[PDB]
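Trainee: how would this look folded up:
(3 chains, ligands or ions: 7)
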Amino acid sequence: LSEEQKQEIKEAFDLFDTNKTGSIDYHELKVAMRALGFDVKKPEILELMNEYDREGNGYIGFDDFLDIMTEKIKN
Amino acid sequence: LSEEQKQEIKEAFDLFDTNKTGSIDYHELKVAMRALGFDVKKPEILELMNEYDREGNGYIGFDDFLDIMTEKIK
Amino acid sequence: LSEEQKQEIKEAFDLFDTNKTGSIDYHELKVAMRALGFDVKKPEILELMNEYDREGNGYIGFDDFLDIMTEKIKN
Ligand SMILES: [Ca+2]
Ligand SMILES: [Ca+2]
Ligand SMILES: [Ca+2]
Ligand SMILES: [Ca+2]
Ligand SMILES: [Ca+2]
Ligand SMILES: [Cl-]
Ligand SMILES: [Cl-]
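Mentor: Numbering: from 1, shown residues only, chains lettered A, B, ... in the order given. Ligands and ions are numbered 1, 2, ... in the order given. And now the structure:
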């Protein structure tokens, strides 16, 4: 929630944001969460994708990723 | 451990310091060590808590976490 | 790979640079890659070591590690 914590979450997102877009696809969400210490598996990742991929293009934004990590850490 | 290494250990601790208490409980220690690349399981984590939770309240400080990562890395 | 992505890869290498050399051994490569979200196993790590430990002393450099992570993140 703090600025220091938000930057660290941003570092994990920017590491696997290949095409310099503001998005990550399924595989990049898995390694990003694992880079933050969460051993997420395929059923959990697909559940998160379908919850946040509103336009249905296979990508989620950073603010989507920020809210995911917010739910995981604060709980 | 150098200043650069200690800062990185500090970043992993501050990420899972949920209430800014300067302390982490069992679950927060587990994900923090895994955030540093160590796949730790429940028996090892409980053994670390029992070693460093001297007050017996279910929390350890950063200097407890710093010493844990010191022996795991060095 | 942007300059900020290379800094994050450098942080993972420097965390397990135990003796302040420019090298990591088998075990230090395993945890360094796992610190970046890749849960690699023994056969893959030994495969990467054999490819990049050209001198054959059980160590690889940062530029070896940077190239490994470049291939992993860019599929
Ligand atoms: Ca992308
Ligand atoms: Ca990590
Ligand atoms: Ca706490
Ligand atoms: Ca205590
Ligand atoms: Ca070394
Ligand atoms: Cl999980
Ligand atoms: Cl002790």
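
Trainee: how much space between the residue most central in space within chain A and residue A:36?
Mentor: Central residue of chain A (CA atoms, centre = their mean): residue A:65, 3.5 Å from the mean position. To residue A:36, residue A:65 is 10 Å away according to CB to CB, to the nearest Å. Using the backbone N, CA and C atoms, a C-beta is placed for each residue, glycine as well.

Trainee: Likewise for residue A:18?
Mentor: Plainly put, residue A:18 is 18 Å away from residue A:36 if you go by CB to CB.

Trainee: When those two are compared, which one has more neighbours?
Mentor: Taking other CB atoms under 10 Å in any protein chain shown, residue A:18 and residue A:36 do not tie; residue A:36 has more neighbours (24 against 15).

Trainee: ok, stretch A:49-57 near ligand 1 or not?
Mentor: No. Shown here: stretch A:49-57 not in contact with ligand 1 (CB under 5 Å from the ion), separated by at least 11.3 Å.

Trainee: quick one: common contacting residues for residue A:65 and residue A:36?
Mentor: residue A:9 (CB atoms under 8 Å, 6 or more residues apart in numbering or on different chains).

Trainee: okay, the angle between the helix or strand containing the residue nearest to the centre of chain A and helix B:3-15?
Mentor: In the assignment (DSSP states H and E), residue A:65 maps to helix A:62-74. Helix A:62-74 runs at 80 degrees relative to helix B:3-15, counting by axes from the mean of the first three to the mean of the last three CA atoms, to 10 degrees.

Trainee: anything in helix A:62-74 near ligand 2?
Mentor: No. Helix A:62-74 does not reach ligand 2 (CB under 5 Å from the ion); its nearest approach is 12.5 Å.

Trainee: residues from chain A in reach of chain C?
Mentor: A:11-12, A:14-16, A:18, A:20, A:27, A:30-36, A:39 (CB under 8 Å from any CB of the partner chain).

Trainee: Mind picking the two most distant members of those residues?
Mentor: Distance extremes for these: the farthest pair is A:20 and A:39 at 27.9 Å, using CB to CB.

Trainee: Compare these two and say which is more crowded by neighbours.
Mentor: residue A:39 (13 against 7).

Trainee: Just confirm the more buried one contacts residue B:34, I think it does.
Mentor: Yes. Using CB atoms under 8 Å, residue A:39 makes contact with residue B:34 at a distance of 6.8 Å.

Trainee: one step back: give the buried residues for the helix holding residue A:65.
Mentor: Residues of helix A:62-74 classed as buried: A:64, A:65, A:68, A:69, A:72, A:73 (neighbour count, 16 or more other CB atoms under 10 Å in any protein chain shown).

Trainee: what's the answer for stretch A:19-35, then?
Mentor: Quick answer for stretch A:19-35 (16+ other CB under 10 Å): A:23, A:24, A:25, A:28, A:29, A:30, A:31, A:32, A:33, A:34, A:35.

Trainee: Can you name the residues that contact the last one?
Mentor: Okay, so that is residue A:35. A:12, A:15, A:16, B:35, C:35, C:36, C:37.

Trainee: And for residue A:4?
Mentor: Shown in contact with residue A:4 (CB under 8 Å, 6+ apart): B:11, B:14.
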